[PDB]
Structure formats: structure tokens, C-alpha cells
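K.L.:
Here it is, the structure, as C-alpha cells.
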Amino acid sequence: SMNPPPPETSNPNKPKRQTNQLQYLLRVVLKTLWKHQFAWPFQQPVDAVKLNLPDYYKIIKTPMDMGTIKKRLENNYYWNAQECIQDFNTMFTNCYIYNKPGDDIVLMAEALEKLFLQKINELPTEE
Ligand SMILES: Cc1cnc(Nc2ccc(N3CCN(C)CC3)c(F)c2)nc1Nc1cccc(NS(=O)(=O)C(C)(C)C)c1
């Protein structure tokens, strides 16, 4: 089962703006998570062909990954921090939906999510 096209990272029809919270999401949240030892499965779209997971995109219909999020942030795709936080949450939820408790990938997601939430807990006051 073939890979779908990746999620968009630009869209001229979508409104957007720069906010101090979005800057933090790139400079602090994304850039820190990227360096975590367990980041790598989440740095690009899942390659379900290479992994021989032909049902991955049968089950995950709203895929999301940190490579996509990074590009969206660099490309000023978002209107607000909540939109970006939603993409991270989609990424984590997708992992917990597809995999079994106790799977290595779930342990990895959980560690990354712990760090994410620590960073979001310090999200600066808006504007
Ligand atoms: C984000 C995520 C969510 N859920 C999974 N699940 C999952 C399930 C089963 C297996 N394996 C596959 C091989 N097979 C023999 C045994 C079962 C499995 F490997 C993973 N995996 C995720 N990410 C990931 C993990 C590893 C490797 C890459 N590599 S990649 O090519 O996609 C890359 C380098 C482009 C990120 C991604």
C-alpha cells in the first residue's frame, strides 16, 4: 500500500499571522523536541511502504509529523498557537490510535509528549 502525498505546508488561501506564541513554538518547542533521542520517528511522514505497514494510511486519515509542523512554522502557515498545538496533538493521538500500549513507539511518543507539555506549560502570554 502506497504512501499518500504529505500534508500541506503552505496554502495561500489560509489566513496567518506571526505571534510571540508561534515564535516560541518554533524557537523553543519544536527546536527542543527535535533534539530528543526519541524524535526521529516523528521527524518526517511515516513511510508505510518502507515499514511494510500497508494499513497505516487506511487507519490514520489525518497524518501529522514534526517535519510538517516545522515547515508550517518556518512558512508562517498558522493563524495562532492553538492551530499548531492541534497539529502536535494530532501527531501524538495518531500514534496512540495506531499502536498498542507498551509498543516502543508509544513509549517514545509518551516521552516526547511529556517534554512537549512541559514546554507548553510555559507558553508566553499572547501578543
Ligand atoms: C510515528 C509512528 C507511529 N507509529 C509507528 N508504528 C510502527 C509500527 C510497526 C513498526 N514495525 C515496522 C517493521 N516491522 C517489521 C515491524 C513493525 C514500525 F516500525 C512502526 N511508527 C511511527 N514512526 C516510525 C517508526 C519506526 C520507523 C519509522 N521510519 S520512517 O521510515 O517512517 C521515517 C524515517 C521517515 C520517519 C517511523
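Residues in the C-alpha cells are named by chain (A, B, ... in the order shown) and by number from 1 within that chain; ligands are numbered from 1 in the order shown.
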List the neighbours of residue 98 in chain A out to 10 Å using only C-alpha atoms; skip same-chain residues closer than 6 positions along the sequence, and give me the result as an MDAnalysis selection string.

P.N.:
chainID A and resid 55:57 59:60 106

K.L.:
Quick one: residues within 10 Å of residue 42 in chain A, only C-alpha atoms, excluding same-chain residues fewer than 3 positions away - as number ranges by chain?

P.N.:
A: 33-34, 38-39, 45-46, 64-68, 91-92, 95, 105, 108-109, 112

K.L.:
Residues within 12 Å of range 15-32 of chain A, please, as JSON, numbers by chain. Count only C-alpha atoms; anything in the same chain fewer than 6 positions from it doesn't count.

P.N.:
{"A": [38, 39, 42, 43, 65, 66, 67, 68, 69, 70, 71, 72, 73, 74, 75, 76, 77, 78, 79, 80, 81, 82, 83, 84, 85, 86, 87, 88, 112, 113, 114, 115, 116, 117, 118, 119, 120, 121, 122, 123, 124, 125, 126, 127]}

K.L.:
Using only C-alpha atoms and all ligand atoms, which of A:35, A:14, A:100, A:58 sits nearest ligand 1?

P.N.:
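Nearest candidate to ligand 1 out of A:35, A:14, A:100, A:58: A:100.
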
K.L.:
Considering only C-alpha atoms and all ligand atoms, can you say which of A:3, A:13, A:52, A:62 comes closest to ligand 1?

P.N.:
A:52

K.L.:
Among the residues of chain A, find those DSSP assigns to alpha helix (DSSP H) from the backbone and print them as a VMD selection string.

P.N.:
chain A and resid 20 to 24 31 to 35 56 to 59 66 to 74 81 to 98 104 to 121

K.L.:
From the list A:11, A:1, A:44, A:37, which residue is nearest ligand 1 when using only C-alpha atoms and all ligand atoms?

P.N.:
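Checking each of A:11, A:1, A:44, A:37 against ligand 1, counting only C-alpha atoms and all ligand atoms, the winner is A:44.
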